[PDB]
**Q** 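The structure that follows is given in the form of structure tokens.
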Number of protein chains: 2
Amino acid sequence: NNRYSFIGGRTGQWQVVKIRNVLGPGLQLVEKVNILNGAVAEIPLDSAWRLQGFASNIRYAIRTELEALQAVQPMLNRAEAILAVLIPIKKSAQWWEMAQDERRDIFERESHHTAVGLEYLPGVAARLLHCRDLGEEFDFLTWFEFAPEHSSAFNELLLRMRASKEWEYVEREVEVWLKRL
Amino acid sequence: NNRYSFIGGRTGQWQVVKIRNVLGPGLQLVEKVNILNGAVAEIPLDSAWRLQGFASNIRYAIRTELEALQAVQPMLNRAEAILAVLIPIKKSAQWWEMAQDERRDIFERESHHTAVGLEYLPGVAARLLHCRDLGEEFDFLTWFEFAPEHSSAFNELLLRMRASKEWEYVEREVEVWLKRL
Ligand code: HEM
Ligand code: HEM
């Protein structure tokens with residue numbers, strides 16, 4: 001199953017440390033996030049929101065970039081990786097109307113998204129889910145986990161990405177900061 | 001809503017003319033296809049199969065190709081376009097493991113998918129739905145409609161595509177020929 005749900009509520013594997021509503025409408029503060037490898041039909045009664053997305057095929061990375069990523073990408077659930085961040089992201093209609101070469105050029109040629117990100121592996125385990133096609137309010141769910149010693153580096157990564165040409169097309173973004181229970 | 005379901009059975013807006021089980025397991029012959037804008041969990045007991053997929057963003061076409069397509073592409077639902085063909089397609093695992101530059105290279109540089117297809121517009125209207133990400137048995141639902149005068153031209157297009165490098169990665173394919181009721 002390539003579908004995952006993130007339920008904000010009073011149960012889950014992750015305790016919410018804080019929620020930062022970076023751009024556009026935020027997400028209601030909750031105690032925990034519950035991650036499930038499947039679709040959940042309705043938001044539970046005592047829960048505040050449900051996000052969902054699916055794992056999918058590569059859209060932009062070229063073979064040499066994939067080879068570099070797979071060489072350093074860490075697994076999930078490392079013993080030391082007790083911190084995580086869930087960052088749902090929505091991109092603008094102007095982004096989605098662009099052609100494939102236009103979006104690839106902004107993504108890598110102009111913003112160096114992969115090249116910049118590669119600097120912060122193997123410290124940071126990063127994963128991507130897609131959800132525009134499900135009709136969700138966000139387009140992507142991005143997931144990161146790392147040990148506390150890499151907290152400052154991860155903030156530096158965020159600083160760099162938010163200044164990139166690609167981020168001129170981000171129109172909604174929320175950070176859910178988490179600690180493993 | 002970008003989700004569409006295709007229910008093969010006794011009712012629908014389209015009459016089945018024939019089903020050509022081109023490659024791999026076919027689809028049961030039915031009287032009609034009912035097309036619904038949205039997901040459907042269950043189908044009538046009278047129905048034999050359900051297909052589903054979603055409309056999505058461009059994955060391969062570059063700006064100059066989009067410009068050429070927009071200049072000649074017809075709209076769906078032309079009064080004259082009383083014939084349609086629903087062609088579900090599944091590509092191999094080897095295809096999906098490839099990186100984005102590798103798949104683009106096969107799609108256009110080697111197979112001339114868009115260049116060949118442009119030769120059959122404006123006669124043929126077309127739409128692409130995606131469903132690998134939904135866990136479906138096919139990867140794509142492709143849709144084509146045209147006036148009867150263009151049936152032989154469409155069959156020629158099929159012949160040219162099935163001979164391309166890209167089609168060496170197609171592992172399941174069915175043609176559901178339809179007439180608008
Ligand atoms: C930590 C190191 C990172 C690496 C190695 C990395 C690498 C990548 C790669 C290779 C892709 C393209 C996947 C594809 O071709 O389908 C991608 C997509 C994406 N990443 Fe990153 N990334 C990193 C960090 C981040 C961060 C910090 C964020 C958000 C703050 C982020 C948000 C996204 C989004 C939204 C996409 C989807 C882009 C689109 O399809 O338009 N990534 N990432
Ligand atoms: C009739 C004229 C046609 C034109 C102008 C055309 C053009 C295109 C274009 C530009 C794309 C890329 C869409 C994107 O970038 O996301 C595409 C994708 C596709 N087309 Fe066609 N095409 C035609 C006919 C056909 C036929 C006859 C078939 C099957 C029998 C077909 C099957 C597909 C499939 C399966 C894809 C998705 C490829 C993938 O994502 O791997 N097309 N077409």
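Naming: A, B, ... by sequence-line order, numbering from 1 per chain.
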**Q** Do you reckon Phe138(A) sits in the same ILVMFWY cluster as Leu23(A), going by side-chain contacts under 4.5 Å, direct or chained?
**A**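 No, separate clusters.
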
**Q** Under a 4.0 Å threshold between the charged nitrogen and the carboxylate oxygen, would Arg132(A) count as salt-bridged to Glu137(A)?
**A**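 The answer is no: the pair does not qualify as a salt bridge.
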
**Q** Under a 3.5 Å threshold, yes or no: a donor from one side chain and an acceptor from the other, between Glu173(B) and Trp167(B)?
**A**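 Result is yes, a qualifying pair exists.
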
**Q** Judged by modelled atom types alone, do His113(B) and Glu108(B) share a side-chain donor-acceptor pair under 3.5 Å?
**A**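 Looking only at side-chain atoms, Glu108(B) and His113(B) do not form any donor-acceptor pair under 3.5 Å.
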
**Q** For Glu136(A), run the salt bridge (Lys or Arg N to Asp or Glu O under 4.0 Å) check against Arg172(A), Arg50(A), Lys90(A) and tell me which one passes.
**A**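 Checked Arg172(A), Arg50(A), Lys90(A) against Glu136(A); only one passes salt bridge (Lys or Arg N to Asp or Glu O under 4.0 Å): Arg50(A).
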
**Q** Any luck finding a side-chain donor-acceptor pair between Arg127(A) and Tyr4(A) under 3.5 Å?
**A**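 The criterion, which ignores hydrogens and geometry beyond distance, is not satisfied for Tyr4(A) and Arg127(A).
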
**Q** Report yes or no: do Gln15(A) and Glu31(A) form a side-chain donor-acceptor pair below 3.5 Å?
**A**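 Note: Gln15(A) and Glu31(A) side chains miss the donor-acceptor criterion.
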
**Q** Do NZ/NE/NH1/NH2 and the carboxylate oxygens of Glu110(A) and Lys165(A) come within less than 4.0 Å?
**A**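 No, no charged N to carboxylate O under 4.0 Å.
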
**Q** Are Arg160(B) and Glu166(B) within salt-bridge range, i.e. N to O under 4.0 Å?
**A**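 No.
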
**Q** Pairing donors with acceptors under 3.5 angstrom, does anything connect the side chains of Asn34(B) and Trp14(B)?
**A**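 The answer is no; no qualifying pair exists.
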
**Q** For residues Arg3(A) and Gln52(A), is any side-chain donor paired with an opposing acceptor at under 3.5 Å?
**A**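 Judged by distance alone, the side chains do pair up.
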
**Q** Scan side-chain atoms only and decide if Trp177(B) and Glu175(B) contain a donor-acceptor pair under the 3.5 Å cut-off.
**A**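 A pair is found: one side chain offers a donor N or O, the other an acceptor, under 3.5 Å apart.
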
**Q** Side chains of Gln100(A) and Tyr60(A): donor-acceptor distance under 3.5 Å anywhere?
**A**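 Judged by distance alone, the side chains do not pair up.
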
**Q** Taking all non-hydrogen atoms of both residues into account, name the closest pair between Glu97(B) and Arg63(A) and its distance.
**A**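 In terms of heavy atoms, the two residues are closest at OE1-NH2, 3.1 Å.
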
**Q** Any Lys/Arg nitrogen of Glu102(B) or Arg109(B) sitting under 4.0 Å from an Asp/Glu carboxylate oxygen of the other?
**A**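 So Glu102(B) does not pair with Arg109(B) through a salt bridge.
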
**Q** Check this for me, if you would: do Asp139(B) and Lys91(B) make a salt bridge, where the nitrogen-to-carboxylate-oxygen distance has to be below 4.0 angstrom?
**A**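 Judged by the 4.0 Å cut-off on N to carboxylate O distance, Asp139(B) and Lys91(B) do not form a salt bridge.
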
**Q** Are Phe154(A) and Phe144(A) close enough that their ring centers fall under 6.0 Å?
**A**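 Close enough - the centres of the two rings lie under 6.0 Å apart.
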
